[PDB]
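Engineer: Numbering (the authors' numbering), first residue to last: 658 to 744. Yeah, the Cβ is synthetic: ideal placement off N, Cα and C, and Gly gets one too.
(1) If distances are taken between C-alpha atoms only, which option among 703, 658, 735 comes closest to residue 721?
(2) Going by alpha carbons, who is nearest to residue 693 out of 705, 687, 680, 729?
(3) DSSP three-state label for residue 669, please.
(4) Go ahead and label residue 673 buried or exposed: buried means 16 or more other beta carbons lie within 10 angstroms of its beta carbon, across all protein chains shown.
(5) Determine the direct distance from the alpha carbon of residue 710 to that of residue 719, and round the result to whole angstroms.
(6) If you follow the alpha helix (DSSP H) that residue 734 is in, where does it begin and where does it stop?
(7) Could you tell me whether the Cβ atoms of residue 658 and residue 676 are closer together than 8 Å?
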């Protein structure tokens with residue numbers, strides 16, 4: 658969807674805020690985490706380097722390496738808020 662903020666997160670990857678509130682992080686290994694706003698159903702969509710996508714909702718426990726990676730998203734959300742104007 659339309660990026661409204663995008664920042665490089667050194668040592669982690671590239672983070673994007675999409676126009677409808679989803680936050681995505683593309684990690685250095687090609688994995689992607691999408692954090693879905695609670696208003697849109699919440700949860701996490703995680704795509705492995707091999708292309709496999711999994712949705713983790715409320716009540717799903719997060720396996721390795723998803724749990725630790727999702728644990729980094731709050732700090733990245735704050736970085737996106739203070740991100741420069743895109744461009």
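Structural biologist: Answer, in terms of the structure:
(1) 703
(2) 680
(3) coil
(4) buried
(5) 13 Å
(6) 730-738
(7) yes
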